[PDB]
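A short worksheet on the structure shown next.
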Amino acid sequence: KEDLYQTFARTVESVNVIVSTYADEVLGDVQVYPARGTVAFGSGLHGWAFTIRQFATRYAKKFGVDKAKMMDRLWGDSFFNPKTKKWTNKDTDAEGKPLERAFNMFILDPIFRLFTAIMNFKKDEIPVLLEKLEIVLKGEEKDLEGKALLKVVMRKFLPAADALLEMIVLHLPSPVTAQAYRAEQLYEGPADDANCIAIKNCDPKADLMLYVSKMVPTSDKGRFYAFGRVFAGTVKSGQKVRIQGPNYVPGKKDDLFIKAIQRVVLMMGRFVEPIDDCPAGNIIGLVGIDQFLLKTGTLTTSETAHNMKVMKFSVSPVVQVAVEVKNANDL
Amino acid sequence: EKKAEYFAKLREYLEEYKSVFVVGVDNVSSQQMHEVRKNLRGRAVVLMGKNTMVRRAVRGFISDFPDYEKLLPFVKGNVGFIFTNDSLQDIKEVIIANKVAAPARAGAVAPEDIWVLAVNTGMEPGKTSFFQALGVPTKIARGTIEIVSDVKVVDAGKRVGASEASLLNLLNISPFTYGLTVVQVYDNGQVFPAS
Amino acid sequence: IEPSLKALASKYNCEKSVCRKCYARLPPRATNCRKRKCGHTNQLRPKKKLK
Ligand SMILES: [Zn+2]
């Protein structure tokens, strides 16, 4: 447990280094840490994951204060337990006896004691431990054993969903907040422009609109959809939108294609159509921009609206390969 | 030939200067003994010794002079002679006050438990990854590298690792600082413990 | 690994000479090979380090 906890620290810090290395901001909330609950720990293939907040909800009910806030001592203390309810910042007791980090203590009670008991195959001890963690098994899932049991049993205790969902909502910036500190580097024009204020507000009423950059292929191809996130305003099918290329200058005429957006798709894995109108701060699989684009499509509905930064995807071309044909009539 | 020239230079002391004042000067590690040679140059002179207990036993004969018989047993450890007639207490005060200090210990036995305190190092982030590879829990508390708790890195008796030594040189002093420490003081003859 | 142990296990593996003729893994301060199938030869090298 000691060696495990260290393995989280050893990676979380090395991330925080790489967070603190880059770059301009200097926000304050850039760095990420376990005590916060940034940060979630888990397993994809198995499908279980937790956050340090979620285990503070369970430990506080079982002798602890305070619940709603405060409890970020999971990841520091440590706590001894048989002597008293109290925990101390000292690594050893007054006697001269070593202790844990309290993270080791909480992770022991379920996880380490689960896995060892599961590997021991003690089929009475597992039901007893199952009672301690508090449910559930139903139907033929009681009959399972081995790695497949551990996977299903874990999914129920800490469904990775719960950790991710909390993490995703909690410690992450909205499209309003994200555009706010990022509009200066995205938008090449002045910061005082009427576009950039609507980019900061996250507005639907104001001018339209967005970028694209990448483009997913279709099922029936041929053609391929335009994966773009709308930066201002609400698009909107069968409607005229200016298609400013990679290097279109507002004053200049080159790389501009005033065209109707054919249809709008909320992108959901394999599909799907539904609605015409779709506001800013939202991710869209457009179609009808495909012939009149390469790669990087700043789309606008006003002439003064500037092209966005090209990117800076970087990472070279690099390596060249020649391409001949065979027969030549298929050239 | 190089023997007999050294036999001759040693006969000039104790016969000017009377107080010979000897010290090791086993581990130094210096460097700053040249600065001791510079600082002493004005008044005193230094002269180091191999098997020169044989030399002093040979000079201990003479017939007219027996007081070099006091010099014959005391040289224990790598030790060298720093003669000067100025006094002996003042030379003790100058030699103790100078000392080498300096880093450090890499790939050798630690004398005491190396305890590293918490609080900022005074750096920018980079080798915090290197820190946590050798069991020192660090967190970057806004820009500067900070250590999170007081921990024994290596205990007394154990050998110090090469990676461990490098972080102690940079940020967390060991400290394995030391210097020369007066062995004996003379004037006639005369045996004095130097304390 | 912890370099103490890498240094430990490299002592027992890489910090070692090799006979040029019989390729045999030799001790580092060794003058001659121990194997008599290369004529207890003096022709040795160091065993090459990783990277
Ligand atoms: Zn050989």
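Naming scheme: A, B, ... for chains in displayed order of the structure tokens; residues 1 onward per chain; ligands 1 onward as shown.
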
What do you get as a tab-separated table (two decimals) with N, CA and C atoms, in the first residue's frame if you pick all residues at most 7 Å from ligand 1, counting only C-alpha atoms and all ligand atoms?
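Final output, saved to result_18.tsv:
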chain	number	residue	atom	x	y	z
C	19	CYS	N	36.65	-12.81	-22.63
C	19	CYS	CA	37.76	-13.33	-23.43
C	19	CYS	C	37.45	-13.10	-24.89
C	20	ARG	N	38.42	-12.56	-25.62
C	20	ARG	CA	38.20	-12.29	-27.02
C	20	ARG	C	38.09	-13.57	-27.81
C	21	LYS	N	38.96	-14.53	-27.51
C	21	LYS	CA	38.94	-15.81	-28.22
C	21	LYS	C	37.74	-16.69	-27.84
C	22	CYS	N	37.63	-17.12	-26.58
C	22	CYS	CA	36.49	-17.98	-26.14
C	22	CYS	C	35.22	-17.24	-25.70
C	23	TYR	N	35.14	-15.93	-25.95
C	23	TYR	CA	33.97	-15.10	-25.60
C	23	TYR	C	33.52	-15.22	-24.17
C	24	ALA	N	34.28	-15.90	-23.31
C	24	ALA	CA	33.76	-16.25	-22.00
C	24	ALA	C	33.75	-15.04	-21.11
C	33	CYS	N	42.29	-15.51	-19.36
C	33	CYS	CA	41.06	-16.27	-19.29
C	33	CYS	C	41.27	-17.52	-18.46
C	34	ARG	N	40.24	-17.95	-17.76
C	34	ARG	CA	40.30	-19.20	-17.00
C	34	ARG	C	40.09	-20.43	-17.88
C	35	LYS	N	39.25	-20.30	-18.91
C	35	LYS	CA	38.96	-21.39	-19.83
C	35	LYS	C	40.23	-21.82	-20.53
C	37	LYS	N	40.24	-23.76	-23.23
C	37	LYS	CA	39.92	-23.98	-24.62
C	37	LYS	C	40.35	-22.84	-25.55
C	38	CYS	N	40.83	-21.74	-24.98
C	38	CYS	CA	41.43	-20.63	-25.74
C	38	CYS	C	42.89	-20.42	-25.36
C	40	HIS	N	44.25	-20.27	-22.11
C	40	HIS	CA	44.35	-19.35	-21.00
C	40	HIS	C	44.82	-18.00	-21.49
C	41	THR	N	44.13	-17.47	-22.49
C	41	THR	CA	44.63	-16.31	-23.19
C	41	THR	C	44.49	-15.03	-22.41

Considering only C-alpha atoms, extract the chain C residues located within 12 Å of chain B and return them as a compact mmCIF listing (two decimals) with N, CA and C atoms, in the first residue's frame.
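Produced file out-v8.txt, reproduced below:
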# COMPACT_ATOMS: atom_id res chain seq x y z
N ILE C 1 14.03 0.83 -10.55
CA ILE C 1 15.07 -0.15 -10.07
C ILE C 1 15.69 0.27 -8.73
N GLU C 2 15.95 1.56 -8.56
CA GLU C 2 16.77 2.11 -7.46
C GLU C 2 18.24 1.82 -7.76
N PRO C 3 19.05 2.87 -8.03
CA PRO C 3 20.38 2.65 -8.62
C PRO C 3 21.31 1.75 -7.82
N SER C 4 21.13 1.71 -6.49
CA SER C 4 21.89 0.79 -5.62
C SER C 4 21.87 -0.66 -6.12
N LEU C 5 20.68 -1.09 -6.54
CA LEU C 5 20.45 -2.45 -6.98
C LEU C 5 20.87 -2.66 -8.43
N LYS C 6 20.66 -1.66 -9.29
CA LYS C 6 21.18 -1.71 -10.66
C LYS C 6 22.68 -1.82 -10.59
N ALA C 7 23.29 -0.96 -9.79
CA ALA C 7 24.72 -1.04 -9.49
C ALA C 7 25.11 -2.39 -8.90
N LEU C 8 24.24 -2.96 -8.07
CA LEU C 8 24.44 -4.32 -7.55
C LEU C 8 24.42 -5.36 -8.67

Run DSSP on the backbone and grab whatever in region 168-327 of chain A lands in strand (DSSP E or B); send it over as a ChimeraX atom specification. /A:187,214,217,224,226-230,235,239-244,256,259-261,263,266,268,271,278,282-287,298-300,308

Item checked: Close residues, residue 102 (chain B) itself excluded, 9 Å, only C-alpha atoms, min 6 positions apart in chain, as a ChimeraX atom specification -> /B:29-30,175-178

Store the residues picked out above in a file with N, CA, C and O atoms, as a short mmCIF file (atom, residue, chain, number, x, y, z; two decimals), in the first residue's frame.
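To be explicit, this is the file written out as selection09.cif:
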data_model
loop_
_atom_site.label_atom_id
_atom_site.label_comp_id
_atom_site.auth_asym_id
_atom_site.auth_seq_id
_atom_site.Cartn_x
_atom_site.Cartn_y
_atom_site.Cartn_z
N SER B 29 38.98 18.15 1.92
CA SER B 29 39.64 17.70 0.70
C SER B 29 40.00 18.96 -0.07
O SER B 29 39.10 19.72 -0.44
N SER B 30 41.29 19.19 -0.32
CA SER B 30 41.75 20.52 -0.71
C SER B 30 43.00 20.54 -1.61
O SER B 30 43.75 19.56 -1.60
N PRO B 175 25.18 17.51 6.29
CA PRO B 175 26.41 18.06 5.70
C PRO B 175 27.60 17.17 6.04
O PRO B 175 27.73 16.74 7.19
N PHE B 176 28.46 16.91 5.06
CA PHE B 176 29.69 16.14 5.27
C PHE B 176 30.87 17.10 5.13
O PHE B 176 31.74 16.93 4.27
N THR B 177 30.87 18.12 5.99
CA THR B 177 31.92 19.13 6.04
C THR B 177 32.89 18.81 7.17
O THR B 177 32.48 18.35 8.24
N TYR B 178 34.17 19.07 6.92
CA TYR B 178 35.24 18.69 7.84
C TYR B 178 36.54 19.42 7.50
O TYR B 178 36.60 20.16 6.51
#

Using only C-alpha atoms, what does the table of chain B residues within 7 Å of chain A look like, with each row giving the shortest atom pair and its distance in Å to one decimal, sorted by chain and ascending number, as a Markdown table?
| residue | atom | partner | partner_atom | distance |
| --- | --- | --- | --- | --- |
| B:125 | CA | A:17 | CA | 5.8 |
| B:126 | CA | A:17 | CA | 6.7 |
| B:129 | CA | A:14 | CA | 5.5 |
| B:132 | CA | A:10 | CA | 6.0 |
| B:139 | CA | A:13 | CA | 6.3 |
| B:143 | CA | A:20 | CA | 6.7 |

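Neighbours of residue 154 (chain B) closer than or equal to 7 Å, with only C-alpha atoms counted and sequence neighbours fewer than 2 positions away skipped, come out as residues 113, 114, 152, 156, 158 and 160 of chain B.
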
Take the residues just selected and output them with C-alpha atoms as a tab-separated table (two decimals), in the first residue's frame.
chain	number	residue	atom	x	y	z
B	113	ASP	CA	21.29	10.12	9.89
B	114	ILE	CA	20.76	12.51	6.95
B	152	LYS	CA	15.48	10.29	6.79
B	156	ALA	CA	24.02	6.05	9.92
B	158	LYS	CA	24.68	2.74	5.42
B	160	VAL	CA	25.18	6.82	0.38

Which residues come within 8 Å of region 112-129 of chain A, counting only C-alpha atoms, excluding same-chain residues fewer than 6 positions away, as a count of residues only?
3

Practice task
Mind checking which residues fall within 9 Å of region 96-100 of chain A, counting only C-alpha atoms, ignoring those fewer than 6 positions away in the same chain, and posting them as a ChimeraX atom specification?
Solution key: /A:1-2,77-80,90

As a PyMOL selection string, please: every residue in region 23-231 of chain A that a backbone DSSP assignment puts in alpha helix (DSSP H). chain A and resi 52-61+103-107+113-120+125-133+147-157+160-170+175-186+194-201

Pull C-alpha atoms from the residues just selected and write them as a PDB file, in the first residue's frame.
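That gives us part-v4.pdb:
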ATOM      1  CA  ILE A  52     -10.525  11.184  -3.364  1.00  0.00           C
ATOM      2  CA  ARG A  53     -13.767  13.130  -2.687  1.00  0.00           C
ATOM      3  CA  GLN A  54     -15.879   9.955  -3.096  1.00  0.00           C
ATOM      4  CA  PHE A  55     -13.961   8.096  -0.381  1.00  0.00           C
ATOM      5  CA  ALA A  56     -14.203  11.133   1.943  1.00  0.00           C
ATOM      6  CA  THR A  57     -18.019  10.784   1.659  1.00  0.00           C
ATOM      7  CA  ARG A  58     -17.765   7.198   2.977  1.00  0.00           C
ATOM      8  CA  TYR A  59     -15.047   7.810   5.646  1.00  0.00           C
ATOM      9  CA  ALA A  60     -16.858  10.828   7.191  1.00  0.00           C
ATOM     10  CA  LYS A  61     -20.043   8.839   7.930  1.00  0.00           C
ATOM     11  CA  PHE A 103      -4.565   6.926   1.992  1.00  0.00           C
ATOM     12  CA  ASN A 104      -2.949   3.496   2.513  1.00  0.00           C
ATOM     13  CA  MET A 105      -5.386   2.922   5.394  1.00  0.00           C
ATOM     14  CA  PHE A 106      -8.575   3.706   3.426  1.00  0.00           C
ATOM     15  CA  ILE A 107      -7.451   1.857   0.248  1.00  0.00           C
ATOM     16  CA  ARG A 113      -8.354  -6.851   1.161  1.00  0.00           C
ATOM     17  CA  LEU A 114     -10.698  -7.583  -1.790  1.00  0.00           C
ATOM     18  CA  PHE A 115      -8.016  -8.680  -4.255  1.00  0.00           C
ATOM     19  CA  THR A 116      -6.086 -10.901  -1.822  1.00  0.00           C
ATOM     20  CA  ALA A 117      -9.365 -12.494  -0.631  1.00  0.00           C
ATOM     21  CA  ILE A 118     -10.378 -12.996  -4.273  1.00  0.00           C
ATOM     22  CA  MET A 119      -6.958 -14.585  -5.024  1.00  0.00           C
ATOM     23  CA  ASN A 120      -7.256 -16.774  -1.890  1.00  0.00           C
ATOM     24  CA  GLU A 125     -14.786 -14.851   3.364  1.00  0.00           C
ATOM     25  CA  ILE A 126     -15.813 -13.182   0.060  1.00  0.00           C
ATOM     26  CA  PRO A 127     -19.553 -13.006   1.061  1.00  0.00           C
ATOM     27  CA  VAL A 128     -18.472 -11.548   4.453  1.00  0.00           C
ATOM     28  CA  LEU A 129     -16.271  -8.932   2.743  1.00  0.00           C
ATOM     29  CA  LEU A 130     -19.092  -8.306   0.219  1.00  0.00           C
ATOM     30  CA  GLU A 131     -21.321  -7.460   3.219  1.00  0.00           C
ATOM     31  CA  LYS A 132     -18.693  -4.979   4.551  1.00  0.00           C
ATOM     32  CA  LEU A 133     -18.516  -3.037   1.250  1.00  0.00           C
ATOM     33  CA  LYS A 147     -10.976 -12.258 -12.591  1.00  0.00           C
ATOM     34  CA  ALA A 148     -14.492 -11.847 -14.048  1.00  0.00           C
ATOM     35  CA  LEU A 149     -16.028 -11.731 -10.547  1.00  0.00           C
ATOM     36  CA  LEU A 150     -13.552  -9.049  -9.402  1.00  0.00           C
ATOM     37  CA  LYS A 151     -14.383  -6.981 -12.500  1.00  0.00           C
ATOM     38  CA  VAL A 152     -18.176  -7.044 -12.003  1.00  0.00           C
ATOM     39  CA  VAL A 153     -17.932  -6.641  -8.210  1.00  0.00           C
ATOM     40  CA  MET A 154     -15.627  -3.583  -8.625  1.00  0.00           C
ATOM     41  CA  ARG A 155     -17.934  -1.993 -11.247  1.00  0.00           C
ATOM     42  CA  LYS A 156     -20.690  -1.926  -8.613  1.00  0.00           C
ATOM     43  CA  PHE A 157     -18.602  -0.496  -5.727  1.00  0.00           C
ATOM     44  CA  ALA A 160     -15.797   4.522 -13.139  1.00  0.00           C
ATOM     45  CA  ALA A 161     -18.700   6.669 -14.358  1.00  0.00           C
ATOM     46  CA  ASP A 162     -19.198   8.135 -10.878  1.00  0.00           C
ATOM     47  CA  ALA A 163     -15.567   9.248 -10.549  1.00  0.00           C
ATOM     48  CA  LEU A 164     -15.314  10.533 -14.135  1.00  0.00           C
ATOM     49  CA  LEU A 165     -18.687  12.292 -14.117  1.00  0.00           C
ATOM     50  CA  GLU A 166     -17.888  14.116 -10.874  1.00  0.00           C
ATOM     51  CA  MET A 167     -14.362  14.969 -12.053  1.00  0.00           C
ATOM     52  CA  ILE A 168     -15.641  16.171 -15.440  1.00  0.00           C
ATOM     53  CA  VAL A 169     -18.218  18.551 -13.973  1.00  0.00           C
ATOM     54  CA  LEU A 170     -16.278  19.670 -10.873  1.00  0.00           C
ATOM     55  CA  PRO A 175     -17.144  27.001 -22.744  1.00  0.00           C
ATOM     56  CA  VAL A 176     -17.812  30.465 -21.258  1.00  0.00           C
ATOM     57  CA  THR A 177     -14.736  30.257 -19.010  1.00  0.00           C
ATOM     58  CA  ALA A 178     -12.588  28.387 -21.579  1.00  0.00           C
ATOM     59  CA  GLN A 179     -13.149  30.909 -24.372  1.00  0.00           C
ATOM     60  CA  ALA A 180     -12.580  33.766 -21.867  1.00  0.00           C
ATOM     61  CA  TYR A 181      -8.858  33.147 -21.138  1.00  0.00           C
ATOM     62  CA  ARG A 182      -8.187  31.503 -24.553  1.00  0.00           C
ATOM     63  CA  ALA A 183      -9.815  33.958 -27.041  1.00  0.00           C
ATOM     64  CA  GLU A 184      -6.661  36.141 -27.321  1.00  0.00           C
ATOM     65  CA  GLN A 185      -4.507  33.333 -28.828  1.00  0.00           C
ATOM     66  CA  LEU A 186      -7.318  31.807 -30.950  1.00  0.00           C
ATOM     67  CA  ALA A 194     -17.268  42.909 -30.982  1.00  0.00           C
ATOM     68  CA  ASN A 195     -16.552  39.284 -31.993  1.00  0.00           C
ATOM     69  CA  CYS A 196     -14.213  38.612 -29.037  1.00  0.00           C
ATOM     70  CA  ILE A 197     -16.796  39.955 -26.536  1.00  0.00           C
ATOM     71  CA  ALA A 198     -19.369  37.462 -27.918  1.00  0.00           C
ATOM     72  CA  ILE A 199     -16.590  34.828 -27.695  1.00  0.00           C
ATOM     73  CA  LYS A 200     -16.151  35.838 -24.008  1.00  0.00           C
ATOM     74  CA  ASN A 201     -19.925  35.862 -23.314  1.00  0.00           C
TER      75      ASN A 201
END

Surrounding residues of residue 266 (chain A) excluding itself and chain neighbours under 3 positions, 8 Å, only C-alpha atoms, as a PyMOL selection string: chain A and resi 271-275+283-285

Residues as selected, N, CA, C and O atoms, written as a PDB file, in the first residue's frame, can you do that?
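Wrote out.pdb, looks like this:
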ATOM      1  N   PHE A 271     -23.564   8.779 -35.429  1.00  0.00           N
ATOM      2  CA  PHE A 271     -24.777   9.499 -35.863  1.00  0.00           C
ATOM      3  C   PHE A 271     -24.826  10.818 -35.031  1.00  0.00           C
ATOM      4  O   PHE A 271     -23.810  11.107 -34.401  1.00  0.00           O
ATOM      5  N   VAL A 272     -25.874  11.657 -34.981  1.00  0.00           N
ATOM      6  CA  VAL A 272     -27.212  11.516 -35.563  1.00  0.00           C
ATOM      7  C   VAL A 272     -27.755  12.919 -35.913  1.00  0.00           C
ATOM      8  O   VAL A 272     -27.337  13.914 -35.318  1.00  0.00           O
ATOM      9  N   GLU A 273     -28.705  12.979 -36.849  1.00  0.00           N
ATOM     10  CA  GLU A 273     -29.267  14.244 -37.394  1.00  0.00           C
ATOM     11  C   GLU A 273     -29.858  15.309 -36.424  1.00  0.00           C
ATOM     12  O   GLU A 273     -29.324  16.417 -36.336  1.00  0.00           O
ATOM     13  N   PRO A 274     -30.936  14.963 -35.684  1.00  0.00           N
ATOM     14  CA  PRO A 274     -31.994  15.825 -35.173  1.00  0.00           C
ATOM     15  C   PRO A 274     -32.175  17.250 -35.731  1.00  0.00           C
ATOM     16  O   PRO A 274     -32.934  17.421 -36.688  1.00  0.00           O
ATOM     17  N   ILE A 275     -31.483  18.242 -35.171  1.00  0.00           N
ATOM     18  CA  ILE A 275     -31.962  19.630 -35.218  1.00  0.00           C
ATOM     19  C   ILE A 275     -31.174  20.534 -36.165  1.00  0.00           C
ATOM     20  O   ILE A 275     -29.999  20.293 -36.448  1.00  0.00           O
ATOM     21  N   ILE A 283     -20.241  21.301 -30.065  1.00  0.00           N
ATOM     22  CA  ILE A 283     -19.401  20.537 -30.971  1.00  0.00           C
ATOM     23  C   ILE A 283     -20.315  19.899 -32.000  1.00  0.00           C
ATOM     24  O   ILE A 283     -21.259  19.186 -31.644  1.00  0.00           O
ATOM     25  N   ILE A 284     -20.011  20.142 -33.275  1.00  0.00           N
ATOM     26  CA  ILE A 284     -20.934  19.851 -34.369  1.00  0.00           C
ATOM     27  C   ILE A 284     -20.226  19.155 -35.534  1.00  0.00           C
ATOM     28  O   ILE A 284     -19.103  19.514 -35.888  1.00  0.00           O
ATOM     29  N   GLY A 285     -20.905  18.169 -36.124  1.00  0.00           N
ATOM     30  CA  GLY A 285     -20.440  17.486 -37.335  1.00  0.00           C
ATOM     31  C   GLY A 285     -21.157  18.030 -38.558  1.00  0.00           C
ATOM     32  O   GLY A 285     -22.090  17.409 -39.072  1.00  0.00           O
TER      33      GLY A 285
END

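Picture a line from CA of residue 45 (chain B) to CA of residue 15 (chain B); it runs 13.6 Å.
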
The distance between CA of residue 109 (chain B) and CA of residue 157 (chain B) is 5.9 Å

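The spacing separating CA of residue 138 (chain B) from CA of residue 71 (chain A) amounts to 20.8 Å.
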